[PDB]
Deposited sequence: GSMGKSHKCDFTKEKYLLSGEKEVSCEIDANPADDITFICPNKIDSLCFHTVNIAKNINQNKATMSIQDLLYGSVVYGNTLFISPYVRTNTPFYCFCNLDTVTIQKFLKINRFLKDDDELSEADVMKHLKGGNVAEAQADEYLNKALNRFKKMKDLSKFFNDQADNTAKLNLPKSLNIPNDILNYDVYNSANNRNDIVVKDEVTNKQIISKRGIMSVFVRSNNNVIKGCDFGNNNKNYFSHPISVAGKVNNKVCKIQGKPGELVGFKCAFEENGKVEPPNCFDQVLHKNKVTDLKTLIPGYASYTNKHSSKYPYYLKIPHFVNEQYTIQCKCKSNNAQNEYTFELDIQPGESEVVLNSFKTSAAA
C-alpha cells in the first residue's frame, strides 16, 4: 500500500488549455499506484522518453519496472524498484475528442466529490528506487533477484513448493513464469485461496486484507497485504498453472498471528 496518484485528461484543465502540449507529472514511490484516464498503449507498455522525435522506443512495464502490476487503468508500482526510472504515457486530445468530452462533462451540474485547440497530453512519471527485495517467490527462469525466493537461487524453492512466512501488516507475493496464457489457481487468487485443501474465501480468515492482481492471466505478479491483525495462524496456497510442466509451482504462505504497531 502507498499513495494513489491520478492523471485524468478528461478534465477541463487539459481540454480547454491554450497550449498544444498539456502535462501531468507524478513523483511516485515503490508500491504506489497510478490511475491513467485518457479519453482517446499503457500501462502494459510505456514510452522511455518524453520527446516524440528521439527515443521513440517503448518498453513493457514489466521489463522497465519488474514486479509491477497492471489492472484496468491502474498501475501498481513494484514494491522494489532498483533504479530511479522515468517513463511517459501520451494522450491524443484531438478536437473531436475534446468536443465529445466537453459535452459529456455537462452531466456534472456542480463540483461535488465523486466517492478549442488540438493537444498532446503527456503523463510524466518519476519512480524512486529503494533497497528492499520483494518478500515472495519468483517462478520465472531468470537471474533478476527482485524476490527473496527466486527459483534460480538453490534452496529457495524445493519440490516446486515455495514456502513464505508472512506477519501482520506485511506485503507478500509471487510471480509466475511469464507466458501469454498461464493461469493461477484458484482463478481468483488472492480473493479465493487454498486452505486445508479446499478453495476458501480469504476474507473468512484474514478480513481487512488487500490485494494487487491482474484477473485475466498470470502475466503479472500477485500481491497480498496482510492486515494489521491476524487472529490465528493460517497456511494458504496459490498455484501457477501452465501447459508447460516446468512452470507448475506452488506458492505456500505461512500467515502468522499478531497485532503490529
{"property": "Deposited positions lacking CA coordinates", "result": "1-2, 43-46, 122-207, 354-365"}
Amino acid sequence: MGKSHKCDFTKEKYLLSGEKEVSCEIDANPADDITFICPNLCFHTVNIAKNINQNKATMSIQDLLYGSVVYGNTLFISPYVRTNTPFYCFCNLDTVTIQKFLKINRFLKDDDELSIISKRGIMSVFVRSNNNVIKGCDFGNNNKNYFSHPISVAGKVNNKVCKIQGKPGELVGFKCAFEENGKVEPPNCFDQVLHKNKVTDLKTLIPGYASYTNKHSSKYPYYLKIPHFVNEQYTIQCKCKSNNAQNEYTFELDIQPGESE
From here on, numbers count along this sequence of modelled residues.
query	finding
Between 95-103 and 170-178 (mean CA B-factor, as deposited), the higher	95-103
Stretch with the higher entry mean CA B-factor, where the candidates are 69-77 and 160-168	160-168
Peak C-alpha temperature factor (PDB record), options 110, 138, 191, 113	113
Of the residues 62, 217, 200, 51, the one carrying the largest Cα B-factor as recorded	51
Third of chain Cα B-factors occupied by residue 236	lowest
Lowest, middle or highest third - CA B-factor, residue 246	highest
For residue 36, the third of its chain into which the C-alpha B factor falls	middle
CA B-factor ranking of residue 184, expressed as a third of its chain	lowest
Modelled-residue ranking by C-alpha temperature factor, third containing residue 213	lowest
